[PDB]
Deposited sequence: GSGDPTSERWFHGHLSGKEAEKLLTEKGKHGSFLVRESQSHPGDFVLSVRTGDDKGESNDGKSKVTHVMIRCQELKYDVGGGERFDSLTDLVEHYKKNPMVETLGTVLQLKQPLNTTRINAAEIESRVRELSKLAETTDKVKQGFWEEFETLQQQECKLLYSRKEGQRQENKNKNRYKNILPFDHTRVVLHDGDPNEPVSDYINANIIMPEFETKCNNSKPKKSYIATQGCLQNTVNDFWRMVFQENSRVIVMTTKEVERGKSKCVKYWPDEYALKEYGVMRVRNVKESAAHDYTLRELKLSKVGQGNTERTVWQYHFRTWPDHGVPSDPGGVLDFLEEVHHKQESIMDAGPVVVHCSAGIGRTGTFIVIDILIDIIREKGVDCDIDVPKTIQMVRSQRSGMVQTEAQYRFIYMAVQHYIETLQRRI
């Protein structure tokens, strides 16, 4: 632990660093690494005909220098030196050290250190570190423009709650058996999310898509639904009730749904729904609806403790059913709260398998999720909550 700054990536291979600079960085981006060839020493990787240069740094008696010149007492002073006194590469390219490439990989057991550092003001020091990580993603969202022609069709205009929140065509959920009396019948504002596990992120049902929604649940073999919104939030409707009252039977087109039993918790309510198709016998599936009804709209839940307990119940219910389809998650647009909960669940699965000493990367996981649905995780508050969720989960595993 020579420095605390995030431009120190620790153990990172030279070959691997050439990718992070070429993809997540611009001209003049730099980063320091642990030397793979010479233990104890370090490497300074700078991007610049986009090239990556590897400047090797020596560590003699805790003194740093690049082969020759004045020797520094700390590695952070060395970086500041060659930022105002640039070096010249052998290919005539001057190494302009403009912006650092802050790291995003963190050892799960060492997450508290990253949260405590992201809370410091990041350099002129107008916002915290969480803000800079969150804008690094919103900036890299431009290199993420896939086609969305199916969502923009005239036939599907009334099937989308928001005109500019549409599903990608290469991950869209395509409905097969539909109604020939419809210009288009295979479209629902939803996407399949894959890191074993897969999720379905969809919008809150409109009045004219309740029937389509259940045609997706039945088609996809889904047995668990996670609703993360109330029916109404401050006068505005965020999701029409697509399930029937308890002990009631409602028919949604070719589909049949019965609310057998409900279980109430302070943060959520569990509804046991039996889903069948009209006229077809022994097609009845039990769909579990977990309705989280204490999540504010653009805010975050009160404590990560209630969300993680809720989160674990979804996990156990999924594995208790044999060969259950993807888990259907939806808020109102299926973007902010939906992504936050999916992003958390993906990370917890990484921890369930590898343990507390694994490498987590929340931006890399969010960006990997955003390539499958537009702009998952909406606000910065939700972004900080993901860390606060993992940290609270790591702490519980460390006790006992």
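Positions of the deposited sequence absent from the coordinates, in order: 1 to 3, 52 to 61, 137 to 138, 211 to 221, 427.
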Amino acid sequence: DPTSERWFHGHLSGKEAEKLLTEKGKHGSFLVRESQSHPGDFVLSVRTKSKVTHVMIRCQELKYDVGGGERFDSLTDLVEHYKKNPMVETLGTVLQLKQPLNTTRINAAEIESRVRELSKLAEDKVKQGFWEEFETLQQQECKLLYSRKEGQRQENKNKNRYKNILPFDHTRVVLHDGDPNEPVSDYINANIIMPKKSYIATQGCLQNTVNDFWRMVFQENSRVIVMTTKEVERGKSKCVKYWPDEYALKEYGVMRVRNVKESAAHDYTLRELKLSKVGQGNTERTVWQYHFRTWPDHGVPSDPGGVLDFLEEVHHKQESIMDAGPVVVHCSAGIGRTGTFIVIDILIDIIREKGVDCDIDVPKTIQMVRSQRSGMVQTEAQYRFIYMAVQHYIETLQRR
From here on, numbers count along this sequence of modelled residues.
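Averaged over Cα atoms, the B-factor as recorded in the entry is higher for 234 to 242 than for the other of 234 to 242 and 287 to 295. Averaged over their C-alpha atoms, the temperature factors of 273 to 281 and 91 to 99 are higher for 91 to 99. Among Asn259, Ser147, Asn85, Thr202, the highest C-alpha B-factor recorded in the PDB entry belongs to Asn85. Highest C-alpha temperature factor among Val43, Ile350, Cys331, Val362, as the PDB entry reports it: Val43. Placement of the Cα temperature factor of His81 within the chain: highest third of the modelled residues, per the deposited record.
In the PDB entry, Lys159 places in the lowest third of its chain by CA B-factor.
Per the deposited record, the Cα B-factor of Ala265 falls in the middle third when ranked against the other modelled residues of its chain. Ranked by C-alpha B-factor against the other modelled residues of its chain, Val327 falls in the lowest third.
When the modelled residues of the chain are ordered by their C-alpha B factor, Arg116 lands in the highest third.
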